[PDB]
$ cat final_4.cif   # mmCIF, C-alpha atoms
data_input
loop_
_atom_site.group_PDB
_atom_site.id
_atom_site.type_symbol
_atom_site.label_atom_id
_atom_site.label_comp_id
_atom_site.auth_asym_id
_atom_site.auth_seq_id
_atom_site.Cartn_x
_atom_site.Cartn_y
_atom_site.Cartn_z
ATOM 1 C CA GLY A 1 188.784 -67.043 70.412
ATOM 2 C CA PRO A 2 185.175 -67.248 69.133
ATOM 3 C CA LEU A 3 185.401 -69.016 65.777
ATOM 4 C CA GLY A 4 182.096 -70.839 66.074
ATOM 5 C CA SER A 5 180.140 -68.135 64.296
ATOM 6 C CA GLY A 6 176.898 -68.923 62.509
ATOM 7 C CA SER A 7 177.104 -66.678 59.452
ATOM 8 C CA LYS A 8 173.502 -67.652 58.760
ATOM 9 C CA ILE A 9 171.404 -65.511 56.444
ATOM 10 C CA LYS A 10 168.191 -64.467 58.132
ATOM 11 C CA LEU A 11 165.330 -65.527 55.889
ATOM 12 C CA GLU A 12 162.732 -62.816 56.413
ATOM 13 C CA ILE A 13 159.182 -62.279 55.193
ATOM 14 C CA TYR A 14 158.464 -59.632 52.569
ATOM 15 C CA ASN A 15 155.286 -57.596 53.146
ATOM 16 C CA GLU A 16 153.085 -59.924 55.182
ATOM 17 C CA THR A 17 150.445 -57.206 55.517
ATOM 18 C CA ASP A 18 150.688 -57.780 59.261
ATOM 19 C CA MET A 19 148.723 -54.611 59.944
ATOM 20 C CA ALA A 20 144.963 -55.009 59.787
ATOM 21 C CA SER A 21 142.555 -52.121 59.382
ATOM 22 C CA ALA A 22 139.969 -52.302 62.154
ATOM 23 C CA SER A 23 136.557 -53.275 60.808
ATOM 24 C CA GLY A 24 134.334 -52.096 63.638
ATOM 25 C CA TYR A 25 131.089 -50.857 62.138
ATOM 26 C CA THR A 26 127.667 -52.471 62.198
ATOM 27 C CA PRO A 27 124.679 -52.736 59.811
ATOM 28 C CA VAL A 28 121.385 -50.942 60.448
ATOM 29 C CA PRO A 29 119.081 -51.944 63.342
ATOM 30 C CA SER A 30 116.004 -53.987 62.440
ATOM 31 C CA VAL A 31 112.948 -51.812 61.849
ATOM 32 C CA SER A 32 109.180 -52.244 61.946
ATOM 33 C CA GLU A 33 106.226 -52.444 59.559
ATOM 34 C CA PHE A 34 102.578 -51.436 59.124
ATOM 35 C CA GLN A 35 99.754 -52.519 61.433
ATOM 36 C CA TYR A 36 96.374 -54.190 60.873
ATOM 37 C CA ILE A 37 93.068 -54.261 62.770
ATOM 38 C CA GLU A 38 93.061 -50.498 62.425
ATOM 39 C CA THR A 39 89.994 -50.435 60.224
ATOM 40 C CA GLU A 40 89.415 -54.001 59.084
ATOM 41 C CA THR A 41 89.539 -55.281 62.667
ATOM 42 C CA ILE A 42 88.889 -58.959 63.352
ATOM 43 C CA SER A 43 86.146 -60.472 65.506
ATOM 44 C CA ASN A 44 88.511 -61.783 68.166
ATOM 45 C CA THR A 45 87.824 -62.370 71.847
ATOM 46 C CA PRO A 46 87.851 -59.632 74.524
ATOM 47 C CA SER A 47 88.751 -60.008 78.202
ATOM 48 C CA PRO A 48 88.169 -57.343 80.867
ATOM 49 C CA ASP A 49 91.066 -58.685 82.949
ATOM 50 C CA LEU A 50 93.288 -56.331 80.975
ATOM 51 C CA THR A 51 90.451 -53.850 80.727
ATOM 52 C CA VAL A 52 90.176 -50.644 82.698
ATOM 53 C CA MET A 53 86.497 -50.097 83.400
ATOM 54 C CA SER A 54 86.094 -47.964 86.474
ATOM 55 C CA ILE A 55 84.865 -44.695 87.897
ATOM 56 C CA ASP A 56 86.682 -42.763 90.590
ATOM 57 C CA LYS A 57 84.014 -40.439 91.916
ATOM 58 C CA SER A 58 81.228 -41.553 94.216
ATOM 59 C CA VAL A 59 79.906 -38.006 94.420
ATOM 60 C CA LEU A 60 77.135 -36.446 92.352
ATOM 61 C CA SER A 61 76.115 -32.873 92.782
ATOM 62 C CA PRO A 62 72.920 -31.295 91.413
ATOM 63 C CA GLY A 63 74.122 -30.025 88.060
ATOM 64 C CA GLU A 64 77.120 -32.245 87.353
ATOM 65 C CA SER A 65 77.473 -35.724 85.887
ATOM 66 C CA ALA A 66 79.737 -38.701 86.467
ATOM 67 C CA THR A 67 81.339 -40.321 83.449
ATOM 68 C CA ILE A 68 82.201 -43.990 83.850
ATOM 69 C CA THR A 69 85.336 -44.928 81.955
ATOM 70 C CA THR A 70 85.387 -48.417 80.459
ATOM 71 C CA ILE A 71 88.222 -49.412 78.140
ATOM 72 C CA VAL A 72 87.619 -52.889 76.816
ATOM 73 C CA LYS A 73 90.641 -54.965 75.813
ATOM 74 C CA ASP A 74 91.108 -58.376 74.203
ATOM 75 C CA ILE A 75 92.348 -61.543 75.844
ATOM 76 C CA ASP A 76 95.608 -60.819 74.029
ATOM 77 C CA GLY A 77 95.534 -57.227 75.238
ATOM 78 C CA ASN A 78 94.721 -55.497 71.952
ATOM 79 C CA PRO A 79 92.298 -52.542 71.465
ATOM 80 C CA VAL A 80 88.738 -53.829 71.100
ATOM 81 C CA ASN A 81 86.822 -52.268 68.242
ATOM 82 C CA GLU A 82 83.460 -52.398 70.022
ATOM 83 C CA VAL A 83 81.298 -54.444 72.398
ATOM 84 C CA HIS A 84 77.758 -54.292 73.728
ATOM 85 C CA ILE A 85 77.074 -52.572 77.047
ATOM 86 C CA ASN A 86 73.667 -52.437 78.717
ATOM 87 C CA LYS A 87 72.582 -50.615 81.849
ATOM 88 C CA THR A 88 71.105 -52.136 84.980
ATOM 89 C CA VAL A 89 69.912 -49.986 87.858
ATOM 90 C CA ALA A 90 70.367 -51.182 91.429
ATOM 91 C CA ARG A 91 68.398 -48.777 93.601
ATOM 92 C CA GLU A 92 66.724 -48.730 97.002
ATOM 93 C CA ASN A 93 64.803 -45.466 96.804
ATOM 94 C CA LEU A 94 62.718 -43.772 94.143
ATOM 95 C CA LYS A 95 63.115 -40.322 95.672
ATOM 96 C CA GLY A 96 66.337 -39.791 93.783
ATOM 97 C CA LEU A 97 66.326 -38.019 90.445
ATOM 98 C CA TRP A 98 68.868 -40.030 88.523
ATOM 99 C CA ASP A 99 69.325 -38.877 84.949
ATOM 100 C CA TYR A 100 70.557 -41.773 82.877
ATOM 101 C CA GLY A 101 71.785 -40.635 79.500
ATOM 102 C CA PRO A 102 72.653 -42.993 76.622
ATOM 103 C CA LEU A 103 75.962 -44.828 76.602
ATOM 104 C CA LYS A 104 78.412 -42.797 74.577
ATOM 105 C CA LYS A 105 80.121 -44.978 72.031
ATOM 106 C CA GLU A 106 83.102 -43.099 70.679
ATOM 107 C CA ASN A 107 85.516 -43.716 67.776
ATOM 108 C CA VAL A 108 88.105 -44.734 70.333
ATOM 109 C CA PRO A 109 89.468 -48.282 70.887
ATOM 110 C CA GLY A 110 87.392 -49.998 73.549
ATOM 111 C CA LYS A 111 86.624 -46.683 75.242
ATOM 112 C CA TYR A 112 83.024 -46.354 76.327
ATOM 113 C CA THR A 113 81.852 -43.429 78.371
ATOM 114 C CA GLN A 114 78.484 -42.526 79.809
ATOM 115 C CA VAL A 115 77.339 -39.462 81.714
ATOM 116 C CA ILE A 116 75.135 -40.110 84.722
ATOM 117 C CA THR A 117 73.448 -36.968 85.957
ATOM 118 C CA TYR A 118 71.694 -36.405 89.272
ATOM 119 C CA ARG A 119 69.352 -33.836 90.775
ATOM 120 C CA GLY A 120 69.522 -33.157 94.511
ATOM 121 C CA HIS A 121 66.277 -34.737 95.671
ATOM 122 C CA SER A 122 67.593 -37.549 97.854
ATOM 123 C CA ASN A 123 70.916 -38.682 99.322
ATOM 124 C CA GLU A 124 71.528 -42.365 98.715
ATOM 125 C CA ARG A 125 73.620 -44.768 96.667
ATOM 126 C CA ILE A 126 72.769 -46.387 93.342
ATOM 127 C CA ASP A 127 74.826 -49.079 91.622
ATOM 128 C CA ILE A 128 74.718 -49.453 87.867
ATOM 129 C CA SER A 129 75.324 -52.931 86.594
ATOM 130 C CA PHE A 130 76.894 -52.768 83.144
ATOM 131 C CA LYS A 131 75.988 -55.794 81.066
ATOM 132 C CA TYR A 132 78.729 -56.154 78.476
ATOM 133 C CA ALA A 133 78.748 -58.728 75.712
ATOM 134 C CA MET A 134 76.989 -62.011 76.475
ATOM 135 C CA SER A 135 80.054 -63.226 78.327
ATOM 136 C CA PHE A 136 81.017 -60.884 81.196
ATOM 137 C CA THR A 137 79.125 -58.421 83.402
ATOM 138 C CA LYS A 138 80.347 -55.609 85.666
ATOM 139 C CA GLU A 139 78.903 -52.988 88.011
ATOM 140 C CA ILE A 140 79.769 -49.422 89.001
ATOM 141 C CA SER A 141 78.752 -47.185 91.881
ATOM 142 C CA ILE A 142 76.969 -43.853 91.659
ATOM 143 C CA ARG A 143 76.482 -41.833 94.828
ATOM 144 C CA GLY A 144 74.173 -38.853 95.037
ATOM 145 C CA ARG A 145 75.394 -35.831 96.955
ATOM 146 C CA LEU A 146 72.490 -33.762 98.256
#
$ encode --input "final_4.cif" --output "structure tokens"
Amino acid sequence: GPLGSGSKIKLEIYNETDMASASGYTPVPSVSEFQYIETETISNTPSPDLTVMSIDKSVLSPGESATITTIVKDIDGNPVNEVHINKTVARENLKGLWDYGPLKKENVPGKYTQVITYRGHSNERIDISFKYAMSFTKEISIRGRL
């Protein structure tokens, strides 16, 4: 019969803390901080490549005005505090009654706006060359609707 028995005493482990509570929570996400150039802006460099200076209305009725929207931006794409903008009138006729108001310089970042008014005397086109800072120059189109 089977006499080759082991009779070995099973050496076992006492409390091995096998079970492990699941640590599965994270810390807080990284936040932000305050901003500069909000008041004490720096004299950096602008670049109209990232600037939106346009007017989408080549129509001027006797009584209304067209406002050209120029938002100047830096070369880095930040809000320009302010630049210089001059007018330049490209005209063929003198029959037209083009009312050129002053350039409205608002408290807004890079946003310049100017209202060009027209009286219905003639029906032609007039382009206004906006001379920015002594670096870049642009030009917009005003069209009189008689």
$ resolve_selection --input "final_4.cif" --expression "the PyMOL selection byres ((chain A and resi 96) around 6)" --output "ChimeraX atom specification"
/A:94-95,97-98,121-122
$ residues_near_point --input "final_4.cif" --point "(83.1, -59.3, 82.1)" --cutoff "9 Å" --atoms "all atoms listed in the file" --output "ChimeraX atom specification"
/A:46-49,131-138
$ resolve_selection --input "final_4.cif" --expression "the PyMOL selection byres ((chain A and resi 78-87) around 9)" --output "ChimeraX atom specification"
/A:37-39,41-46,71-77,88-89,103,105,107-112,128-134,137
$ resolve_selection --input "final_4.cif" --expression "the PyMOL selection byres ((chain A and resi 65) around 7)" --output "count of residues only"
9
$ atom_distance --input "final_4.cif" --atom1 "atom CA of residue 93 of chain A" --atom2 "atom CA of residue 119 of chain A"
13.9 Å
$ closest_residue --input "final_4.cif" --among "A:55, A:19, A:11, A:142" --to "residue 126 of chain A" --atoms "only C-alpha atoms"
A:142
$ atom_distance --input "final_4.cif" --atom1 "atom CA of residue 40 of chain A" --atom2 "atom CA of residue 68 of chain A"
27.7 Å
$ atom_distance --input "final_4.cif" --atom1 "atom CA of residue 104 of chain A" --atom2 "atom CA of residue 54 of chain A"
15.1 Å
$ closest_residue --input "final_4.cif" --among "A:146, A:69, A:15, A:32" --to "residue 57 of chain A" --atoms "all atoms listed in the file"
A:69
$ closest_residue --input "final_4.cif" --among "A:50, A:59, A:3, A:28" --to "residue 123 of chain A" --atoms "all atoms listed in the file"
A:59
$ axis_aligned_box --input "final_4.cif" --around "segment 70-75 of chain A" --padding-each-side "6 Å" --output "AutoDock Vina command-line options"
--center_x 88.9 --center_y -55.0 --center_z 77.3 --size_x 19.0 --size_y 25.1 --size_z 18.3
$ decode --input "final_4.cif" --residues "segment 73-113 of chain A" --atoms "N, CA and C atoms" --output "tab-separated table (two decimals), in the first residue's frame"
chain	number	residue	atom	x	y	z
A	73	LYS	N	-2.30	94.11	-34.70
A	73	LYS	CA	-1.78	93.04	-33.87
A	73	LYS	C	-0.26	93.06	-33.93
A	74	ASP	N	0.39	92.47	-32.94
A	74	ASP	CA	1.85	92.42	-32.93
A	74	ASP	C	2.36	91.30	-33.81
A	75	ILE	N	3.67	91.26	-33.96
A	75	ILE	CA	4.33	90.20	-34.71
A	75	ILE	C	4.18	88.87	-33.96
A	76	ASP	N	3.94	88.96	-32.66
A	76	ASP	CA	3.73	87.78	-31.84
A	76	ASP	C	2.24	87.47	-31.74
A	77	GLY	N	1.41	88.39	-32.23
A	77	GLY	CA	-0.02	88.18	-32.24
A	77	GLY	C	-0.71	88.65	-30.97
A	78	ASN	N	-0.14	89.64	-30.30
A	78	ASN	CA	-0.76	90.20	-29.10
A	78	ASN	C	-1.48	91.50	-29.45
A	79	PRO	N	-2.42	91.93	-28.60
A	79	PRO	CA	-3.20	93.17	-28.82
A	79	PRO	C	-2.34	94.43	-28.72
A	80	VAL	N	-2.17	95.11	-29.85
A	80	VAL	CA	-1.46	96.38	-29.88
A	80	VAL	C	-2.20	97.42	-29.06
A	81	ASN	N	-1.46	98.17	-28.27
A	81	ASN	CA	-2.02	99.28	-27.53
A	81	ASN	C	-2.51	100.36	-28.50
A	82	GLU	N	-1.61	100.87	-29.33
A	82	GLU	CA	-1.96	101.92	-30.28
A	82	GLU	C	-0.85	102.14	-31.31
A	83	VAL	N	-1.26	102.56	-32.50
A	83	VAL	CA	-0.35	102.90	-33.59
A	83	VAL	C	-0.79	104.22	-34.20
A	84	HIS	N	-0.04	104.69	-35.18
A	84	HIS	CA	-0.43	105.88	-35.92
A	84	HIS	C	-1.12	105.46	-37.21
A	85	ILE	N	-2.19	106.15	-37.57
A	85	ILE	CA	-2.85	105.90	-38.85
A	85	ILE	C	-3.23	107.22	-39.50
A	86	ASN	N	-2.73	107.44	-40.71
A	86	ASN	CA	-3.01	108.66	-41.46
A	86	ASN	C	-3.90	108.33	-42.64
A	87	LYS	N	-4.61	109.32	-43.14
A	87	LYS	CA	-5.43	109.13	-44.32
A	87	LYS	C	-4.69	109.55	-45.58
A	88	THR	N	-5.09	108.97	-46.70
A	88	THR	CA	-4.60	109.35	-48.01
A	88	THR	C	-5.69	109.09	-49.04
A	89	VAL	N	-6.08	110.13	-49.75
A	89	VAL	CA	-7.25	110.06	-50.61
A	89	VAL	C	-6.88	109.84	-52.07
A	90	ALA	N	-7.24	108.69	-52.60
A	90	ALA	CA	-7.06	108.39	-54.01
A	90	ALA	C	-8.38	108.59	-54.74
A	91	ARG	N	-8.45	109.66	-55.52
A	91	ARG	CA	-9.70	110.08	-56.15
A	91	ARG	C	-9.47	110.40	-57.62
A	92	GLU	N	-10.51	110.29	-58.43
A	92	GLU	CA	-10.41	110.70	-59.82
A	92	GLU	C	-11.26	111.94	-60.08
A	93	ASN	N	-12.38	112.05	-59.38
A	93	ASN	CA	-13.28	113.17	-59.58
A	93	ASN	C	-13.29	114.07	-58.36
A	94	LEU	N	-13.84	115.26	-58.53
A	94	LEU	CA	-14.00	116.20	-57.44
A	94	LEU	C	-15.48	116.49	-57.22
A	95	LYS	N	-16.30	115.84	-58.03
A	95	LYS	CA	-17.74	116.04	-58.01
A	95	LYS	C	-18.34	115.40	-56.76
A	96	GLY	N	-17.67	114.36	-56.29
A	96	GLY	CA	-18.14	113.64	-55.13
A	96	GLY	C	-18.04	114.46	-53.85
A	97	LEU	N	-18.98	114.23	-52.95
A	97	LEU	CA	-19.00	114.93	-51.68
A	97	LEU	C	-18.64	113.95	-50.57
A	98	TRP	N	-17.36	113.68	-50.46
A	98	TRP	CA	-16.87	112.71	-49.50
A	98	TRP	C	-16.60	113.39	-48.17
A	99	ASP	N	-17.34	112.99	-47.15
A	99	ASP	CA	-17.12	113.50	-45.81
A	99	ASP	C	-16.15	112.61	-45.07
A	100	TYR	N	-14.98	113.14	-44.81
A	100	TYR	CA	-13.95	112.39	-44.10
A	100	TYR	C	-13.87	112.86	-42.66
A	101	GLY	N	-14.44	112.09	-41.75
A	101	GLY	CA	-14.33	112.41	-40.35
A	101	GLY	C	-12.95	112.08	-39.81
A	102	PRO	N	-12.69	112.35	-38.53
A	102	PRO	CA	-11.44	111.97	-37.90
A	102	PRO	C	-11.40	110.47	-37.61
A	103	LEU	N	-10.20	109.92	-37.52
A	103	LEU	CA	-10.05	108.52	-37.20
A	103	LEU	C	-10.38	108.30	-35.73
A	104	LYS	N	-11.34	107.43	-35.48
A	104	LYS	CA	-11.76	107.16	-34.12
A	104	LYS	C	-10.83	106.16	-33.47
A	105	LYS	N	-10.16	106.65	-32.44
A	105	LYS	CA	-9.22	105.87	-31.67
A	105	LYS	C	-9.85	105.51	-30.34
A	106	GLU	N	-10.23	104.26	-30.21
A	106	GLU	CA	-11.02	103.80	-29.08
A	106	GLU	C	-10.11	103.21	-28.00
A	107	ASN	N	-10.71	102.81	-26.88
A	107	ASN	CA	-9.97	102.24	-25.75
A	107	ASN	C	-9.66	100.77	-25.99
A	108	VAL	N	-10.03	100.29	-27.16
A	108	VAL	CA	-9.93	98.89	-27.50
A	108	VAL	C	-8.55	98.53	-28.05
A	109	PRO	N	-8.12	97.28	-27.83
A	109	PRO	CA	-6.82	96.79	-28.31
A	109	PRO	C	-6.72	96.76	-29.83
A	110	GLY	N	-5.93	97.68	-30.38
A	110	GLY	CA	-5.61	97.67	-31.79
A	110	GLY	C	-6.77	98.05	-32.69
A	111	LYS	N	-7.95	98.24	-32.12
A	111	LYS	CA	-9.14	98.53	-32.92
A	111	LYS	C	-9.25	100.01	-33.24
A	112	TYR	N	-9.05	100.33	-34.50
A	112	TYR	CA	-9.32	101.67	-35.00
A	112	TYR	C	-10.52	101.63	-35.91
A	113	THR	N	-11.32	102.67	-35.85
A	113	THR	CA	-12.51	102.74	-36.66
A	113	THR	C	-12.74	104.16	-37.12
